[PDB]
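Fold and geometry: a report
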Amino acid sequence: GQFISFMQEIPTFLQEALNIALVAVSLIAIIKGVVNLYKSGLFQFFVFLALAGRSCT
Amino acid sequence: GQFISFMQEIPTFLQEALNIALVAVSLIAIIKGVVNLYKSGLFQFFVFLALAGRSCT
Amino acid sequence: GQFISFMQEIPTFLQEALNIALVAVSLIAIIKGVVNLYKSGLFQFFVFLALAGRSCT
Amino acid sequence: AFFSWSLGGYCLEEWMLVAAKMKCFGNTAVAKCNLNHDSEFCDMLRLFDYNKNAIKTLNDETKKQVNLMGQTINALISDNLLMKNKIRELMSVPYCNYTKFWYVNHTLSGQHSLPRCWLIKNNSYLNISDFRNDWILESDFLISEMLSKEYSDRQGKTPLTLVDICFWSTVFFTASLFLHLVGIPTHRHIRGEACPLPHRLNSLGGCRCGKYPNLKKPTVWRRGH
Amino acid sequence: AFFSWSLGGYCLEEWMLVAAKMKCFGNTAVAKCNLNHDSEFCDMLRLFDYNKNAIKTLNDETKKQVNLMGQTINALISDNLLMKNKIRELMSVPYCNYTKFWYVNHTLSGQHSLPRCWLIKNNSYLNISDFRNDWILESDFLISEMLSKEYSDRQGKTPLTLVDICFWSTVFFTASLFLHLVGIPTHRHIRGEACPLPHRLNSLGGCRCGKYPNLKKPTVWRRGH
Amino acid sequence: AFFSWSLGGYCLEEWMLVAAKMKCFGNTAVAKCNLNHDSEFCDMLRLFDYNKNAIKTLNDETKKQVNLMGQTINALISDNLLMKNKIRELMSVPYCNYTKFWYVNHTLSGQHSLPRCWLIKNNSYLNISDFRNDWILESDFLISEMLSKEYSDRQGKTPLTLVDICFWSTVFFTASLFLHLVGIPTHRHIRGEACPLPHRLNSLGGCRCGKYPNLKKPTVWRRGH
Amino acid sequence: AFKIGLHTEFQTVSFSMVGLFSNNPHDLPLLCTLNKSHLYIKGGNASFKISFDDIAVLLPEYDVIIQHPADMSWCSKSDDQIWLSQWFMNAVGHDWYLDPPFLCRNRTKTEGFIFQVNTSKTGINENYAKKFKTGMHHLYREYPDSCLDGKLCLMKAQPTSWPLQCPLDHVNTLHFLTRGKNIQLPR
Amino acid sequence: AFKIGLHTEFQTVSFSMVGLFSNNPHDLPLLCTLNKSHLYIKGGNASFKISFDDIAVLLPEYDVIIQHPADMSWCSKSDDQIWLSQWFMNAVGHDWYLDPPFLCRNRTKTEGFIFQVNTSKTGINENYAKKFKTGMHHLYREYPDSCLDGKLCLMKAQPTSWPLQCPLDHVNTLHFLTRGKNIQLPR
Amino acid sequence: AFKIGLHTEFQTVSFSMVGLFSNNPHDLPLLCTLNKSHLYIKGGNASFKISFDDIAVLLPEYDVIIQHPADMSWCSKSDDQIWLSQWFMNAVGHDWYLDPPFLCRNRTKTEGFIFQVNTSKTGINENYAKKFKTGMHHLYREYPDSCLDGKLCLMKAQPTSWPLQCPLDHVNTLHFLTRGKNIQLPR
Ligand SMILES: *[C@@H]1O[C@H](CO)[C@@H](O[C@@H]2O[C@H](CO)[C@@H](O[C@@H]3O[C@H](CO)[C@@H](O)[C@H](O)[C@@H]3O)[C@H](O)[C@H]2NC(C)=O)[C@H](O)[C@H]1NC(C)=O
Ligand SMILES: *[C@@H]1O[C@H](CO)[C@@H](O[C@@H]2O[C@H](CO)[C@@H](O[C@@H]3O[C@H](CO)[C@@H](O)[C@H](O)[C@@H]3O)[C@H](O)[C@H]2NC(C)=O)[C@H](O)[C@H]1NC(C)=O
Ligand SMILES: *[C@@H]1O[C@H](CO)[C@@H](O[C@@H]2O[C@H](CO)[C@@H](O[C@@H]3O[C@H](CO)[C@@H](O)[C@H](O)[C@@H]3O)[C@H](O)[C@H]2NC(C)=O)[C@H](O)[C@H]1NC(C)=O
Ligand SMILES: *[C@@H]1O[C@H](CO)[C@@H](O[C@@H]2O[C@H](CO)[C@@H](O[C@@H]3O[C@H](CO)[C@@H](O)[C@H](O)[C@@H]3O)[C@H](O)[C@H]2NC(C)=O)[C@H](O)[C@H]1NC(C)=O
Ligand SMILES: *[C@@H]1O[C@H](CO)[C@@H](O[C@@H]2O[C@H](CO)[C@@H](O[C@@H]3O[C@H](CO)[C@@H](O)[C@H](O)[C@@H]3O)[C@H](O)[C@H]2NC(C)=O)[C@H](O)[C@H]1NC(C)=O
Ligand SMILES: *[C@@H]1O[C@H](CO)[C@@H](O[C@@H]2O[C@H](CO)[C@@H](O[C@@H]3O[C@H](CO)[C@@H](O)[C@H](O)[C@@H]3O)[C@H](O)[C@H]2NC(C)=O)[C@H](O)[C@H]1NC(C)=O
Ligand SMILES: *C(=O)CCCCCCCCCCCCC
Ligand SMILES: *C(=O)CCCCCCCCCCCCC
Ligand SMILES: *C(=O)CCCCCCCCCCCCC
Ligand SMILES: *[C@@H]1O[C@H](CO)[C@@H](O)[C@H](O)[C@H]1NC(C)=O
Ligand SMILES: *[C@@H]1O[C@H](CO)[C@@H](O)[C@H](O)[C@H]1NC(C)=O
Ligand SMILES: *[C@@H]1O[C@H](CO)[C@@H](O)[C@H](O)[C@H]1NC(C)=O
Ligand SMILES: *[C@@H]1O[C@H](CO)[C@@H](O)[C@H](O)[C@H]1NC(C)=O
Ligand SMILES: *[C@@H]1O[C@H](CO)[C@@H](O)[C@H](O)[C@H]1NC(C)=O
Ligand SMILES: *[C@@H]1O[C@H](CO)[C@@H](O)[C@H](O)[C@H]1NC(C)=O
Ligand SMILES: *[C@@H]1O[C@H](CO)[C@@H](O)[C@H](O)[C@H]1NC(C)=O
Ligand SMILES: *[C@@H]1O[C@H](CO)[C@@H](O)[C@H](O)[C@H]1NC(C)=O
Ligand SMILES: *[C@@H]1O[C@H](CO)[C@@H](O)[C@H](O)[C@H]1NC(C)=O
Ligand SMILES: *[C@@H]1O[C@H](CO)[C@@H](O)[C@H](O)[C@H]1NC(C)=O
Ligand SMILES: *[C@@H]1O[C@H](CO)[C@@H](O)[C@H](O)[C@H]1NC(C)=O
Ligand SMILES: *[C@@H]1O[C@H](CO)[C@@H](O)[C@H](O)[C@H]1NC(C)=O
Ligand SMILES: *[C@@H]1O[C@H](CO)[C@@H](O)[C@H](O)[C@H]1NC(C)=O
Ligand SMILES: *[C@@H]1O[C@H](CO)[C@@H](O)[C@H](O)[C@H]1NC(C)=O
Ligand SMILES: *[C@@H]1O[C@H](CO)[C@@H](O)[C@H](O)[C@H]1NC(C)=O
């Protein structure tokens, strides 16, 4: 439950430049990772498997 | 010789989820790195240099 | 000013293999990053914007 | 036995506290004076522990009619601290008389500081305007102590060798990533011609199978076809 | 009050030092004996603090004509340490008499070690050739202490959870990087034919729109067109 | 001199141990009571050190016929601890009499805990069924102490600034890796036409060299040719 | 008890002296101050009241001049009272064979128990006045001194009942037990 | 010595008392218990045996009633024995000029050395019996008490040879040296 | 003060004793050694010089044989000198009613103040010579002993003015204040 404690204590920990830097880096990395996964096409393969045999569009 | 001590004490350290997670990540990274090196072709260049002048197959 | 202190105390800290390994890794990473940025072409886009409307060469 | 605890912990009941209730202190907080000889709170705590164990022994009915000596009391209370307090009193500077203690509390996780002695002067209690400079320092030290305690708690479980191996594996993975990203030329192509593979040309522009004559034709390293 | 400092710090003036000047010690260095009962330097420091506070009380003119007792002095000096030193003297081994102290200094940041006692023997001072084995150890310990102090100073500010989240985000980013780098086949191509998209072929080689008949033609997974 | 060691170490010979042999303790283990005044083992160790140095001084033949006082012995043994033990005995609770000590041993690296006192009761020795709850705690603390000691040993050598620089260099390298992986469009292509390079078109669809007229033709950003 | 900073609170703890002083199985000495002249000491079954004023009640030409602790046995009928008297005098720091004596009444009278000490602040006795002074300064944790540089300052001690209002001080008990040795407290 | 957990072993260490007690260049006091009545003390060259029983061997109307330590000089012919006797009596915690005396034999007899203490458990002496009791309770680390509430409990001390079987206790030596002061041990 | 290693320097600190010894508001005892025979003690307003040699100046058949501290009052005219004498004798560790006495001059003479102790190194007194010896060994931090196994070693103490050259030792002051108790230092 350390995540819950951190979400409770965000205002106190936000006062440090290192803290905001690290959290910004993590958020940017997570969203870029989502972008790269999308640009991969593994999800496209899963959709293709889930679509095979339903419609030819 | 810390590596030897770790290889001796694997059974005690295996009882932690963080430990198994880290070792699994390291092993996966090492084998994927081998795969990527193979897919590079630097080894192919070394083989080409070691083959130049022997046979034209 | 920890950077200045480190640049002052380089000769004492150079005596450790881990230290030279880490600094070599960092320098190699920085120069390779410069190389990769060059090979990207974002700087090429900036040059293109700074050149648009001056000459058609 | 007595107060030599080697580590939800120590609690005190009604006949000890003036509020006539029961309060419990965390084991981490209590352990901070298992070796300290300069804390008024823990001397009084040892006195109360001796009282409780005397009660227990009377209940056990040992019946050893042993008269108490002053030496036992002198071996529980830091006489140096008492002399220091009396010296302070004679010099007209603030001191305390083992009655009231205060601490900074951390409500989120129940962590608290070790109580200090609320100093007196001229038969009065030092108040907020003079005691201000201590609560802020105590609270900052409390937060720092909590963070360091959690860091050490996770520290004492994971081998450093595993961390180092993981880091080096990561750097190797990244180097291989870039190395695959750029790619390396594999063979030679004659300038203006197509791919001569599988016939691998030499530095002279020809092949040893006879298909490509040694005409000193220009050759350029290429990766793809 | 007296020497129980809970943390540019303590300074001593002319009438304390033989050099007739003023020297200041860092708070980190001074705090190292707020609980130590085995350091000759800090016993003498407590004596000098008592002298200074007596001066201050006389200036305040409390006029309490209280005769001094030997008990107050015995409650400031570690009598155990004095007895140990006298035992050493009777046994003809080196000892010190609270006059001269030495320390290793760090000029770059002003950090210094806690002074030790320059031991004597036969009414002389132990010299460099016998005292060598201590300065090197003291200096190494000083550098190690400085590095550890800085590490703990940054340690007590940043939550470990944030570090762990950053590390896991980085490893996820790298895995996604490679995963995009290689790329995965998306659809099927009949061997020898062009791209049948958007008509998505089945495993049988045909399409359910009727454009591609079910002729059991060979199919290979491909990513690009 | 005497027992104030500032850090394969201290060893004891036949006439000290009941087993009539010689045992050596690690310096890290021994150093744990250079300031502790609450350990029966180290008081007896100081007594034995005084005996050994008396032997050495007699061998030196100082011939100082100085009669021993009880004060010297009282300045070596923690009289507070002795009074506590006697209080325990009078109260019919377990205690120890400085004869038998036990410790948890780590065979792989030779690391051991500091010996404790095997408590007695009713002229007998407390046995395994009552002493169980301590060995497990001692062993866990031993392993944690070893891990923390190694972590601090590597901690006190490497500057944190270097670690931070390495981490930031790694994150920059990864960002550049992705940034090269995707790639950015470089110039403009007229919809349906070929690559107009090196003639760099404007936003209007033409070129300022006159080759491409300003016909407001559609333009799309492209990277490759 | 006011909230301090954020997520951190301020709370104090105070201990009760009645339980400690009424729960310890062995008896303990009690020292008390009432108003500014009524000083009280209690040990075992002897409860003495001490006052300082300018009245002479014993004279060397009429009663016992106590010079040695052996001679103390002629002042009381109870061993507990004699033990408490010697206890207090040695706690104060009186040297029997080096300082001027004090006066006591002999047991063969139906009057009671009274003992008087001269602590005047003039003449030779001035010096003694210092010593004794400091003594009391190290026991009661305070000293409501009730005699100035006037001609006489005579201290009288007399046994009375224990008032049921005295503050239950304990620093005085600690100092009492700390100073003197070879003392066993009964039940 | 059983293996505990994994890779960790259990081992104990025990020290030998004979080397310490026979190696220290200065002499040290010895206190011993034998069976349940033979208590032994030894210091310098004086070896005393102490027993508790119901036999009267000295009477106040026949021998010396020791009241002051100066009067102690008439009981022995050796300074070491006198020093040890005073040492033990002050370690036990006897107040010479405040408690009932004890009896000793005068040197001008060819009998020997004997001294007797009354520690009966009745009458007035009951109280004294407490004090002395606690004394011995703080030295021998144990107390095989050998006299109940019976009419008399007389303690006798007499010098005998040192038996070569006594356990070499040392907690008693520590307490002996701790309690009394201004004591120099010879060689 | 030589540079050690790199970036680290060697520096020492030494404290001045004159300020401490001349600044403390209360008076403190002083002990000094001059040449190898002139031992000096000073307390309050009494400044005594101690020497050891082979001259007899007092005889038991001519002056006072001090046996008890009460009898000490016949040797001086000043309370400070008597207090310092008793202070020193109890610091050395002399048992008044157990060891051979020492000799002093009675006040009713216009000569002065002198007191003599026998610490010869032969006969019975040999043993006493040990005790006293150790005493001085624990106060002066040194001992320039000035009497060998010769027939007599008599110590004489006489009050003189304080020389203005004595080293301002303080370990001796610490040991002096540590050993004895119930001592109040005046201003
Ligand atoms: C020294 O410790 C004593 C206890 O030994 C403390 O005494 C306490 O003094 C305070 C002063 O305000 C008392 O508070 C008030 O007292 C009365 C009676 O209860 C009443 O006005 C209020 O209800 C309130 O409680 C407190 O009761 C009293 N406690 C005891 C047990 O005597 C004292 O605080 C310490 N010394 C000084 C100078 O503060
Ligand atoms: C014990 O502490 C005393 C102080 O109580 C120290 O005394 C010091 O001894 C040194 C010895 O060299 C003296 O240094 C020299 O002394 C004279 C007079 O000043 C002169 O030749 C030089 O100018 C130089 O200072 C020093 O002055 C002296 N200080 C005092 C205050 O007496 C002593 O060092 C310690 N004991 C031993 C055995 O070293
Ligand atoms: C207090 O410390 C003493 C030493 O001063 C310890 O005495 C030891 O007691 C044990 C009890 O079992 C003895 O073990 C056995 O004793 C005899 C004689 O050796 C024999 O049956 C066995 O060979 C075995 O050793 C041990 O010898 C004895 N040691 C000494 C030096 O007396 C004692 O353990 C401690 N007190 C208690 C109550 O345990
Ligand atoms: C308790 O101690 C006080 C201390 O002052 C005694 O009072 C003092 O008694 C002496 C007796 O000799 C008085 O001395 C005489 O005073 C006058 C001159 O002042 C004159 O009559 C004589 O020449 C002689 O010096 C002294 O004055 C007096 N102090 C005061 C301030 O009056 C008191 O007697 C003692 N009480 C008992 C019962 O011992
Ligand atoms: C050693 O101490 C004991 C303590 O009991 C002495 O025994 C007690 O001696 C007294 C002498 O007065 C006895 O008192 C008398 O007892 C009866 C009535 O009980 C009667 O004869 C008298 O009225 C008087 O009260 C007392 O009873 C006796 N205790 C016992 C339990 O019999 C003993 O004499 C002391 N020994 C020496 C040598 O001093
Ligand atoms: C100070 O103490 C010394 C300690 O030696 C005293 O000197 C000793 O005095 C005694 C007196 O009885 C001498 O004993 C006699 O000696 C000879 C044989 O040696 C003979 O005359 C007698 O048979 C008797 O034993 C003893 O010899 C002498 N010591 C020396 C070394 O000569 C000294 O008298 C004491 N001074 C004072 C003032 O008490
Ligand atoms: C109490 O035990 C709560 C523990 C919280 C663990 C934090 C998990 C963080 C997961 C981040 C994954 C990165 C994004 C895919
Ligand atoms: C004792 O000194 C042994 C030290 C062991 C060092 C560990 C080396 C780990 C190497 C991992 C490299 C990553 C894979 C290429
Ligand atoms: C004193 O405060 C100096 C602090 C120095 C900070 C170090 C900054 C290092 C920057 C490295 C960036 C990586 C290369 C783009
Ligand atoms: C701190 O405050 C909390 C608030 O809920 C309380 O429950 C807790 O007991 C306090 N901690 C103490 C008194 O140690
Ligand atoms: C103490 O308080 C009282 C009132 O209770 C006041 O008269 C006096 O001046 C104060 N003294 C000091 C020293 O503060
Ligand atoms: C302390 O000072 C504050 C200032 O706000 C005041 O409110 C408070 O009453 C004072 N305390 C006492 C006990 O006078
Ligand atoms: C260490 O040396 C420096 C050199 O500049 C000096 O300024 C500093 O005061 C010294 N530190 C001390 C004495 O603590
Ligand atoms: C001490 O030094 C002196 C000279 O000052 C010398 O004669 C003597 O031998 C030395 N003694 C020792 C024990 O070193
Ligand atoms: C200590 O030894 C060194 C060796 O170089 C010497 O120079 C120095 O003078 C010696 N010190 C003394 C005080 O003799
Ligand atoms: C721990 O056990 C090992 C086993 O080989 C032994 O060699 C070592 O001495 C022991 N450690 C001690 C006694 O400190
Ligand atoms: C002690 O052990 C004995 C047997 O040696 C037994 O009779 C007795 O009851 C025991 N006493 C206690 C208090 O355990
Ligand atoms: C302690 O208890 C265990 C239980 O297994 C038993 O084997 C052992 O003998 C007991 N020890 C003694 C000394 O009785
Ligand atoms: C002492 O004060 C109490 C409490 O107010 C009172 O009852 C008593 O009469 C006072 N004593 C005197 C002598 O005034
Ligand atoms: C009065 O006291 C003296 C001194 O102790 C004493 O000797 C005397 O007997 C007492 N008076 C009577 C009448 O007993
Ligand atoms: C005391 O016990 C020992 C050892 O068994 C024995 O020799 C001796 O006779 C016993 N003493 C008595 C009086 O029974
Ligand atoms: C018997 O002892 C007394 C008391 O000390 C003593 O005076 C007397 O001289 C001794 N008897 C003989 C015959 O000497
Ligand atoms: C003691 O030494 C001092 C200093 O040199 C000198 O003045 C004095 O005369 C010496 N005393 C004797 C008796 O020689
Ligand atoms: C000499 O001293 C004695 C012993 O104290 C004393 O009684 C006597 O009075 C003194 N001499 C004179 C003449 O006073």
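Looking at the PDB entry, one finds chain G named JUNV GP1, with Mammarenavirus juninense as its source organism. According to its PDB record, this entry is titled "JUNV GP1, GP2, SSP and CR1-28 Fab complex in a pseudotyped virus membrane".

Per the PDB entry, chain A is named Pre-glycoprotein polyprotein GP complex, and its organism is Mammarenavirus juninense.

1. Focus: the overall build of chain A
From N to C terminus, chain A includes 3 helices and 0 strands. In summary, chain A has a C-alpha radius of gyration of 19 Å against a globular reference of 10 Å for 57 residues, an excess of more than 25%. Oriented by its inertia axes, the alpha-carbon framework of chain A measures out at about 55 × 25 × 15 Å. By the burial criterion, 26% of the 57 residues in chain A qualify as buried.

2. Let's talk about the packing of helix α2 (residues 79-92) of chain G against helix α4 (residues 171-179) of chain G
Residue and element names in this part refer to chain G. Interhelical geometry of α2 versus α4 gives an angle of 90° and a closest axis separation of 9 Å. By the criterion of interaxial angle, the relationship of α2 to α4 is roughly perpendicular. In this structure, α2 contributes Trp87, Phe88 and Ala91 to the contact, and α4 contributes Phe176, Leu177 and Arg179. Taken together, the residues of the contact of α2 with α4 break down into 5 nonpolar, no polar and 1 charged.

3. Thoughts on the relation of the copies chain E and chain D
Once turned by 120° and shifted 0.0 Å along the axis, chain E lies on chain D with an RMSD of 0.0 Å. The two molecules are tied by a three-fold rotation axis, judged by turn and shift. Each copy contacts the other with its own distinct surface, as only 4% of the interface residues of chain E are interface residues in chain D too.

4. Overview of helix α1 (residues 2-13) of chain A
The end-to-end C-alpha distance of α1 of chain A, which contains 12 residues, comes to just 14 Å, noticeably less than the 16 Å that a straight helix rising 1.5 Å per residue would cover. Each element contacted by the buried residues of α1 of chain A is listed here: α2 (17-40) of chain A.

5. Notes on the site of ligand 4
All names here are of chain G. Taken together, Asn118, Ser120, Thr122 and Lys151 make up all the residues around ligand 4. Taking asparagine 118, its side chain carries an N or O atom lying 2.4 Å from an oxygen atom of ligand 4. One of the side-chain nitrogen or oxygen atoms of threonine 122 is found 3.3 Å away from an oxygen atom of ligand 4. Alone, ligand 4 offers 750 Å² of accessible surface; in the complex the protein occludes 35% of this. Class assignment for the residues of the shell around ligand 4 results in no nonpolar, 3 polar and 1 charged.

6. Quick notes on the packing of aromatic side chains
A ring pair, where both rings are aromatic, is described by two values, the distance of the centres and the angle of the planes. All told, the structure shown has 81 aromatic pairs over all chains when counted by the stated rule. Residues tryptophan 102 of chain F and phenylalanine 131 of chain F carry aromatic rings whose centres are separated by 5.2 Å and whose planes lie at 70° to one another, so their mutual orientation is edge-to-face. Here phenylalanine 131 of chain F lies in helix α5 (residues 128-155) and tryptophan 102 of chain F lies in strand β4 (residues 100-106), a separation of 29 residues in the sequence. As far as burial versus exposure is concerned, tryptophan 102 of chain F and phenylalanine 131 of chain F are alike and both buried. Grouped by ring-pair contacts, the aromatic residues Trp102, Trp118, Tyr125, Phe131 and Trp135 of chain D together with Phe2 and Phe10 of chain G constitute a single cluster. The ring of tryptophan 74 of chain G carries the charged tip of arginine 107 of chain G above its face, separated from the ring centre by 4.2 Å.

What counts, and at which threshold
For each chain, positions are counted from 1 along the sequence as written; this may not be the entry's numbering. Residues without coordinates are not shown. Just so you know, chain letters begin at A and ligand numbers begin at 1, following the order they were written in. Bear in mind that the chains are drawn from a larger assembly and that all values refer to what is shown. Only heavy atoms go into the side-chain values, all of them from the structure, while hydrogens and water stay out. Counting from the N terminus, the helices are the DSSP runs of H or I reaching at least four residues and the strands are the DSSP runs of E reaching at least two. We compute the radius of gyration from the C-alpha atoms alone; for a globule the expected value is 2.2 Å times N to the 0.38, where N is the number of residues. Burial here depends on accessible area, computed with a 1.4 Å probe over protein chains only, as a share of the maximum for the residue type. Under 20% is buried, over 50% is exposed, and the range in between is partly exposed. Each axis is a line fitted through C-alpha atoms, taken for helices only over the stretch in contact, and angles between the N-to-C directions span 0 to 180 degrees. Angles below 35 degrees are treated as roughly parallel, those above 145 as roughly antiparallel, those between 65 and 115 as roughly perpendicular, and all remaining angles as oblique. It only takes one pair of heavy atoms within 4.5 Å for two residues to be counted as in contact. In this classification, the charged set is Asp, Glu, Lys and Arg, the nonpolar set is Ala, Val, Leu, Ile, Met, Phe, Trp, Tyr, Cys and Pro, and all remaining amino acids, among them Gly, are polar. Superposition of the copies is done by least squares over their C-alpha atoms. Here, expected helix span is obtained from the residue count minus one, scaled by 1.5 Å. Working definition: residue near molecule or strand if any one of its non-hydrogen atoms lies within 4 Å of it. Under this definition, polar contacts are N or O atom pairs within 3.5 Å; protein pairs additionally need one hydrogen-donor-capable and one acceptor-capable atom, and for neighbouring residues in sequence, both atoms have to be side-chain atoms. Note on areas: Shrake-Rupley, 1.4 Å probe, and residue coverage restricted to the protein chains presented here. Stacked, tilted and edge-to-face are the three classes assigned to paired rings of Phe, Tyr and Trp, where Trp is represented by its six-membered ring and a pair needs centres within 6.5 Å; plane angles under 30 degrees give stacked, over 60 edge-to-face, the rest tilted. Only when the NZ of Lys or the CZ of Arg is both within 6 Å of the ring centre and within 35 degrees of the ring normal is a charge said to sit over the ring.

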